[PDB]
Structure formats: C-alpha cells, structure tokens
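Bear in mind these aren't lab numbers, they're just calculated from the coordinates by the rules spelled out. Quick reminder, even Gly has a Cβ in these numbers, built from the backbone with ideal geometry, and neighbours come from all protein chains shown.
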Amino acid sequence: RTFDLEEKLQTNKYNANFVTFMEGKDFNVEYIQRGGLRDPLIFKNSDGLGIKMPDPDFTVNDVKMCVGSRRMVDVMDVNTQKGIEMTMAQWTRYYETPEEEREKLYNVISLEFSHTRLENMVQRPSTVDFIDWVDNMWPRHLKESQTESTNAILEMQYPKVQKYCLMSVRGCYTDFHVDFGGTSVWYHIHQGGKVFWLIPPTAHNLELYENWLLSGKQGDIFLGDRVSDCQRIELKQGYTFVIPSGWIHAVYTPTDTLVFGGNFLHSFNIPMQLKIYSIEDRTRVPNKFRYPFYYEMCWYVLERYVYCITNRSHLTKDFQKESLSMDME
Amino acid sequence: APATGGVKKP
Amino acid sequence: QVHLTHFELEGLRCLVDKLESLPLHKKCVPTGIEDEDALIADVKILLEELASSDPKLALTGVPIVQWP
Ligand SMILES: [Fe+3]
C-alpha cells in the first residue's frame, strides 16, 4: 500500500459516533422491530446475550483438532489482500511460529466450522436465531441434510455462513469492504482485540465505495479519509460486535487474536441487502466470495410470509410433506 | 479445483 | 389483521419487485417452489391488505415467521 496505516491508527479524525453500547437483555426481537437493526451495537459483556464460547485459553491447535488437521482453509495474504489456501495443520504451524520469525503476514477470516466438532462449542446470540433467514426461511429438511463441513458448493445444501472462526496474528489488516449479500454480522472477540473503521451505508458512500472498487487503487487510498464521517472503534476481549447491513468497514489486528462470528440475512432491512448484492453484481465479485443461494433464499422468504399470514402454501406437495413430517417430531 | 462459496474476503 | 413493521412492508415490496423482474436465467427459483408467478401475485395482495398496519401493534416482540 501507499497510505500510512500507522497514522490511521493514531489520528483522532475518525471520531464519528455511530456505535451504540447495549445490555444483552435489551437485545431482543422487539428491539429489532423498533429499530430495524440500523445501528452498530457493542456488548461489553455477555450477560443476557445467550452466547456460548470455548475455553478462554482455547488455542489454534485446538481449532485444528476440532475441524481436522487436513481441513483446507482460505488464507489471506495481508500485503496483497489476495487469497491462498493451506491445511489447518500448516496454518497452525504458521500461527504457532514466534512473531519475529514469520516470513509473512497471513489472516484467516473465512473458516466456517458448522458440522464439525467446533460447531456446538460456539453459540450465536439468541436473538439472531429468531430473525436469521437460514433458521426461519430455508427448508429445514434441506439444512438438516448437511454433512459436508467445508464450503464446497456442490455439497452445500443451504447458505453455510452462520459460524466462522477468525484467526489473526498481530499486524493483520483487512481493507474496507461490505460483507457478502449485505449480510449483518455478529462479532465476538474470544481472545485479543480488533480495531474497526466504520462507514455508514449512505447513498453517497456506497457510490464512493463502488467506484473505489472499480478504481482498483484500493491499496493507494484509505477509504475512511474520503468520507465525511468515519469512526475508529477498538474492540476488546469479551466484547460482542454487531454490524448492520451495508456498513463499510476495515479492520486491524493490534495483537494475536481469536474471533468467533457469523453472518445472517433478516427481514428488517431487505432493501439494503439487495443494494449490496447489486454492487457485487456490478463490480464482478466472483461467486465464491458471495452469499450462496441468495435468490433462492429470497424466494423462500416470500413463501414463508405468505403462508404464515394467509395459510396458503406455494411450496410443492413433496416439500409441504417434508415440512409436515418435521412438525410431527 | 472444487468450487466453494460463502468465502469472506475483501 | 396481523401488523407488520414498516421495515418489513418496505422490504417485502422491494423483494417481490426484484424477484419478479429477474430474467429467467437469473431468477433462481428454488426447487421447493411450485408456482412462482402465483406466489408473486399473492404477495402483492398481501401487501395491499397489510398496507395500513398499526406501527405500535406491530411491536409484538415475536417474529411473524416462525416454525410450528
Ligand atoms: Fe467484514
């Protein structure tokens, strides 16, 4: 890059006030119904959230053991923001290498560990379960049929994007971006800390963001500098962070960190979710970095609402019986 | 080269 | 008469307008859907009848879409 990341962490110009600090027991369905989840939320503690996390001294090797030593993972080259691939055993080997000996900066932010031993060790904030489209919209018998622990597309039976394990070494940086499908994000710092640059998804900023992508000079321009309002917020250990749909953010890792989080679509900001999808469309984002079965999920959402309200089903007879069979469990 | 999806990367 | 939040009424509108106008090779109608044209029709009817939902009564604290 050409810009100085160091000063971007020192300056006080990113003093916008977007984030809201909340109590877990205040984060319920009624709150989403009142606000539509438009504001970034931070929970300084876990009380009331209903989350479950592994042992506080959980290691990367423990992650390997739970997902498999030969599990292929998507690794990010920090310097180029490109993507490479190695086994969890190789990644663990790199992560366990002393800080001053690492030949390069690598970042793992895309380890989806659903349907592994790690799955039941980590639990989403309870409220997310009530609104997540995957848990409430997608056909249940399809999701329950999932056996593959990797995100291979041919074996994927549903949007497998609910549980991610992020492992970052000190110095890791993720440039500005909007999570796929315009999904909202829950972000829990298990060990370490993160530094976030936040940008509101206004019409002007989304346009600025898109042109910034097509520009190709994303490594020559700090996006937080050419918007009117940006906030740099530091996330500490034990913190839970909820990112609303469409929010442009970059992230820095001031120390070796272990994060558990996930994405989700909900019914309270569909327009913005569709906005972000079209941006992905126009910027030619490869399908591998996008929300799987996006439009299929959208079709299923319409069916659920129509049925839950008018009692008229638009599923096939076979799909209706599949659901009816599960209602009798 | 098995195809994948839902990968998080900027 | 159920009561949807304006967030949902506004969202469902954009959804049906979106899914309705996608070309065949981009529509991505899932295998579980029978008549997507009929589904689209019922949604517009639904939204028409739910157009005057009371914002207060919509704050039920429980989702309209839940499994039985
Ligand atoms: Fe992100």
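Some values worked out for this structure:
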item	result
Contacts under 7 angstrom Cβ, first residue in the range A:228-252 being within 19 Å of A:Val169 (Cα to Cα), partner charged (D, E, K, R) and more than 15 Å from the ligand (Cβ to nearest atom), 6 or more apart	A:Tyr239/A:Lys44
The listed residue being touching a residue at least 40 places away in the same chain (Cβ under 8 Å), aliphatic (A, V, I, L, M) and within 14 Å of chain C (Cβ to nearest Cβ), out of A:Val67, A:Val29, A:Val78, A:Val63	A:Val29
Top-ranked residue of the range A:162-182 - restricted to ones that are among the polar types (S, T, N, Q) and either within 10 Å of chain B (Cβ to nearest Cβ) or away from the ligand (no atom under 15 Å from the Cβ) (or both), ranked as farthest from the chain's Cα centre (by Cα)	A:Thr174
Residue in the range A:195-215 that is within 20 Å of A:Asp256 (Cα to Cα), of a type outside the set (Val, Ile, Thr) and buried (at least 20 other Cβ atoms within 10 Å of the Cβ) present	yes
Those helices (runs of 4 or more DSSP H) lying entirely in the range C:1-60 with at least 1 residues over 25 Å from A:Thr316 (Cα atoms)	C:6-20, C:36-49, C:55-58
Given (1) out of contact with any strand residue (DSSP E or B) (no Cβ under 6 Å at 6 or more places or on another chain); (2) within 14 Å of chain B (Cβ to nearest Cβ); (3) surrounded by 20 or more Cβ atoms within 10 Å (Cβ to Cβ), index of the condition A:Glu148 fails	(3)
Criterion violated by A:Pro159 - all others in (1) buried (at least 18 other Cβ atoms within 10 Å of the Cβ); (2) within 15 Å of the ligand (Cβ to nearest atom) satisfied	(2)
Enumeration of residues in the range C:4-21 that are more than 16 Å from A:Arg304 (Cα to Cα) and more than 7 Å from chain A (Cβ to nearest Cβ)	C:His6, C:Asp17, C:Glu20, C:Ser21
Any hit, the range C:23-39, residues being within 16 Å of A:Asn311 (Cα to Cα) and more than 7 Å from chain A (Cβ to nearest Cβ)	no
Hits in the range C:40-62 (condition: buried (at least 17 other Cβ atoms within 10 Å of the Cβ) and within 21 Å of A:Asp26 (Cα to Cα))	C:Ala58
Close pairs (7 angstrom Cβ cut-off, 6 or more residues apart or separate chains): crowded, with 16+ Cβ neighbours inside 10 Å in the range A:306-329, among the β-branched types (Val, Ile, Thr) anywhere	A:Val306/C:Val43; A:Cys308/C:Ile64; A:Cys308/C:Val65; A:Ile309/C:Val2; A:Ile309/C:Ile64; A:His314/A:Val306; A:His314/C:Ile33; A:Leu315/C:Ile33
